[PDB]
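Protein chains in written order, with full-length UniProt numbering: chain A, 26 to 248, 260 to 474; chain B, 166 to 220. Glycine included, each C-beta is placed from N, C-alpha and C at the ideal position. One structure is given below, encoded as structure tokens.
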Ligand code: HEM
């Protein structure tokens, strides 16, 4: 039984949430923000990512060089990432270096220079990032997947933004973005590891007390997405490996089917030929794929957002004449979530998940990420007892009922990259979303 | 004719051959499709379709 997550508020509405571990000597403190690329419009798309670069480019006090030195002297490191719905800025340090790290984070968030000279310098760095993501095939695939599934909607935009915006982002629009979005009621200060909650609340009162509150404070993790069944083909015959993602509209964080979708995802599961145990996994798809050498890997996913999600699978394969078989067998395993699954598969997946959801949290950064994600999506940290109860409530009837309304005979979004000549057209893929025998 | 003019022998032989010939015709129809399958169908532009195939 893990220690209790303590939670306090300030007057402005900043949440402080902490989970102490007296067995470790490091601590991860940081700020989780319920804001991301989705908060931009089409004209300033890319701003949130642009800001993340400038946050480390110097503040009103410390210059770029002083900032570097201050963190070097702390001994740990700082890290940040911007997603579609969430921004994180954290600092991993030693136990007694926590007041330094909180102070630096408070500085870079509230008091950043955003000097025209630095805007102009990063404008090239970010322009170069546009031509080098091209190599990270999984990210290429998932960014096209969002672009097509949520065609012309805010979730469909990339985080980097178009080349055109990168050239026209001003310090004005950067400042406007962080003034509108980085408000106290949307922020959580999180500490995990060797942190005292009461110490962290004092540091919050010292550094984050003059944060703006929004005019209309909605609860944390408050949002209409209209999924488009569609496909993007990025054929490249010179690549040896095909990367394919197939997804349907999935579930939001607060859906009543959130756990049912996780159990269904666990019934299909993951596979990787390079891992020794993967040839012996219980999943039917795993057995088909491994016995027939259909793929190097596959990974089931169930991504959630505040008001929608994508549920599906990501496949990689060198077997370019049997891509059809790989896709066929994958979608026939999905069909069986509607037609055939019983207590046998459901209870096995629940067993595997009850541990999996706890196992994931194995370091201070993972714990901090879990507290931060849960607080900014659900408004609370859900105790393992509650999670165990929600998983236990999933029956085989729930899985079949969910699959029949979410997967069965539904439109898919499909992205293929690489040697995908063998991937059939949209209709033949989408026809595998049902079984004529049922 | 099987005789000196068109008559009964000719009619009976035309019946047997008229029954047979459609089966021969079906075999040749199949042969020309098997022969075609090496190049595939041509298309109205006259160019290769190897770049863009549909089931
Ligand atoms: C019983 C008579 C026949 C049947 C059932 C038949 C059936 C077919 C079929 C199904 C195809 C492929 C689809 C199409 O292109 O329409 C085809 C292609 C072709 N047939 Fe026929 N056919 C017959 C007679 C003929 C005759 C009399 C010729 C030539 C004098 C011919 C020459 C061809 C050729 C050259 C093609 C390839 C055309 C292409 O796709 O570019 N067929 N036939």
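Helix, strand or coil at residue i according to DSSP, with G and I counted as helix
| i | result |
| --- | --- |
| residue 106/A | strand |
| residue 34/A | strand |
| residue 339/A | strand |
| residue 213/A | strand |
| residue 191/B | helix |
| residue 308/A | strand |
| residue 39/A | coil |
| residue 296/A | helix |
| residue 182/A | coil |
| residue 450/A | strand |
| residue 257/A | Position 248 is followed directly by 260 in chain A, which means residue 257/A is not present among the coordinates. |
| residue 473/A | coil |
| residue 58/A | strand |
| residue 374/A | helix |
| residue 428/A | helix |
| residue 213/B | coil |
| residue 27/A | coil |
| residue 322/A | helix |
| residue 234/A | coil |
| residue 333/A | strand |
Identity of the residues DSSP links to residue i by a beta bridge
| i | result |
| --- | --- |
| residue 117/A | 53/A, 102/A |
| residue 347/A | 284/A, 338/A |
| residue 258/A | For chain A, the structure lists 248 followed at once by 260, and that leaves residue 258/A out of the model. |
| residue 270/A | 453/A |
| residue 137/A | 84/A |
| residue 44/A | 217/A |
| residue 112/A | 58/A, 107/A |
When the options are compared against residue i, the one with the closest alpha-carbon
| i | options | result |
| --- | --- | --- |
| residue 356/A | 452/A, 55/A, 282/A | 452/A |
| residue 29/A | 41/A, 45/A, 40/A, 347/A | 45/A |
| residue 279/A | 458/A, 219/A, 69/A | 458/A |
| residue 253/A | 93/A, 233/A, 370/A, 109/A | Residue 253/A falls within a stretch that is absent from the model, since chain A runs 248 to 260 with no residues between. |
| residue 73/A | 300/A, 243/A, 199/A | 199/A |
| residue 260/A | 218/A, 85/A, 345/A, 112/A | 345/A |
| residue 349/A | 381/A, 202/A, 337/A | 337/A |
| residue 343/A | 71/A, 263/A, 182/A | 263/A |
| residue 290/A | 84/A, 439/A, 426/A | 426/A |
| residue 244/A | 449/A, 58/A, 460/A | 58/A |
| residue 216/B | 399/A, 301/A, 168/A, 273/A | 273/A |
| residue 167/A | 302/A, 35/A, 319/A, 339/A | 339/A |
| residue 149/A | 188/A, 177/A, 180/A | 188/A |
| residue 177/A | 70/A, 131/A, 375/A | 70/A |
| residue 132/A | 83/A, 155/A, 175/A | 83/A |
Spatial distance of residue i from residue j (CA atoms)
| i | j | result |
| --- | --- | --- |
| residue 49/A | residue 117/A | 12 Å |
| residue 54/A | residue 213/A | 10 Å |
| residue 341/A | residue 207/B | 49 Å |
| residue 153/A | residue 435/A | 45 Å |
| residue 231/A | residue 91/A | 22 Å |
| residue 327/A | residue 299/A | 24 Å |
| residue 144/A | residue 205/B | 57 Å |
| residue 222/A | residue 236/A | 20 Å |
| residue 358/A | residue 330/A | 7 Å |
| residue 377/A | residue 432/A | 7 Å |
| residue 196/B | residue 202/B | 10 Å |
| residue 122/A | residue 220/A | 10 Å |
| residue 267/A | residue 173/A | 7 Å |
| residue 169/A | residue 442/A | 21 Å |
| residue 415/A | residue 246/A | 6 Å |
| residue 97/A | residue 439/A | 51 Å |
Cβ shell of residue i (< 7 Å), same chain only, five flanking positions each side left out
| i | result |
| --- | --- |
| residue 206/A | 60, 64 |
| residue 104/A | 115 |
| residue 95/A | 87, 129 |
| residue 141/A | 196 |
| residue 394/A | 420 |
Close-in-space but distant-in-sequence residues of the same chain around residue i (CB under 8 Å, 5 per side omitted)
| i | result |
| --- | --- |
| residue 180/B | none |
| residue 466/A | 265, 447, 448 |
| residue 67/A | 182 |
Spatial neighbours of residue i in its chain, beta-carbon cut-off 6 Å, leaving aside the 5 residues before and after
| i | result |
| --- | --- |
| residue 33/A | 41, 226 |
I need the residues with a C-beta less than 7 Å from some heavy atom of the ligand PLP; please give them in chain order. Questions concerning the ligand PLP fall outside what the structure shown contains, since the ligands it does hold are the ligand HEM.
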